[PDB]
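All residue numbers in this chain count up from 1 along the given sequence. Read the numbers this way: they start at 1 and go in the same order the structure lists the ligands and their atoms. As a basis for the values below, the full set of heavy atoms in this structure was taken, side chains included, without hydrogen atoms, waters or symmetry mates.
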Amino acid sequence: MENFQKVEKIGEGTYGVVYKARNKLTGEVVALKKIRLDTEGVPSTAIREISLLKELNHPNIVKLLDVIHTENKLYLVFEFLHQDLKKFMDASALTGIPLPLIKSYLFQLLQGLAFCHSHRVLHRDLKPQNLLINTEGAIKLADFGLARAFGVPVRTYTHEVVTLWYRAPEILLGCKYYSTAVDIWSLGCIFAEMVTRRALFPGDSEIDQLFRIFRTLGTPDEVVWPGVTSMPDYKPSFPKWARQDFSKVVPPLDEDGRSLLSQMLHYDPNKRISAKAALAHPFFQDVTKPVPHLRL
Ligand SMILES: Cc1c(-c2ccnc(/N=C3\C=CC(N4CCNCC4)=CC3)n2)sc(=O)n1C
């Protein structure tokens, strides 16, 4: 809109392009998301779906400040946070993020997710790029509720590929009515990634993604994942790999963290820990809120 001066492109929200922008009236600087319209103006369904998001406010959810549906168009105006977790991970790769700060971030996000999930909202696409951090030690969920309202192309507008690395295996095997558990999976993968400084399952197509998972956790079967063999894209011809021990997967994480993670990465989404229950895990008995060394 004319109310906003674009200061810089900071991202893509797979549907939309996101800009740092300055409110010409209120001086506030904001993240401005302009949603790519199916051109099929804006489905009215989608509008009332985004409306609900304006009320889903939490210290660990990036605050949706306004939705602007005017003339053709749909813009989302969020509070601006000064970087994503991906850049901090990148910046931290040589020394590794301190464990107490890993823990604070995991904790905080579990609080975000516990809140969302308690309102039957799923993120569905958690990744380091959709997690935003500030200088005070907050970490916040972003870029969600978008994906319910419209369906997103994989090549998107910007021609960059969609990241699969954080996809739960039920989604990959073709389930439609998957659950809050998908986000716990994605968060486990990020958790591992913060701890190791390497992505856990950096697949580059759906089957590579799924076989990377199989390789580390074992090919799923009916013993560990009752029902798995009736899922839409499950093939009896999947290679049958044996499970790694987690001690190989995320050294040198301590037994509590490792145990937490293995429950976040349970194949069966029903045996996968919830966000609420994860908060009560012994790993957070010594949880603190440290200050990050940022590079703004
Ligand atoms: C980036 C973003 C949103 C957003 C919301 C609030 N703050 C921010 N802040 C930044 C997000 C990204 C960013 N980058 C800095 C350099 N390139 C990597 C990403 C700098 C700032 N983004 S909302 C959404 O859908 N997306 C994709």
Under a side-chain separation threshold of 4.5 Å, the hydrophobic residues clustered together with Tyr157 are none
Practice problem: Indicate, with yes or no, if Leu56 and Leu65 share a hydrophobic cluster defined by side-chain heavy-atom contacts under 4.5 Å among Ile, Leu, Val, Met, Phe, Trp and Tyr. | Solution: no
Residue pairs passing the side-chain hydrogen bond (donor to acceptor under 3.5 Å, both in side chains) test with at least one member in residues 209-221, sequence neighbours excluded, are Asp208-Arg212
Rounded to the nearest 0.5 angstrom, the CG-CZ distance for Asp183 and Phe144 is 8.5 Å
Protein neighbours of ligand 1 with a heavy atom under 4.0 Å, given by chain and number, are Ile10, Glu12, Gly13, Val18, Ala31, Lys33, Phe78, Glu79, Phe80, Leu81, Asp84, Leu132, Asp143
Residues pairing under side-chain hydrogen bond (donor to acceptor under 3.5 Å, both in side chains) where one sits in residues 246-262, two or more places apart or in two chains, turn out to be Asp245-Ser247, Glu255-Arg258
Between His58 and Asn60: side-chain donor-acceptor atoms closer than 3.5 Å: yes
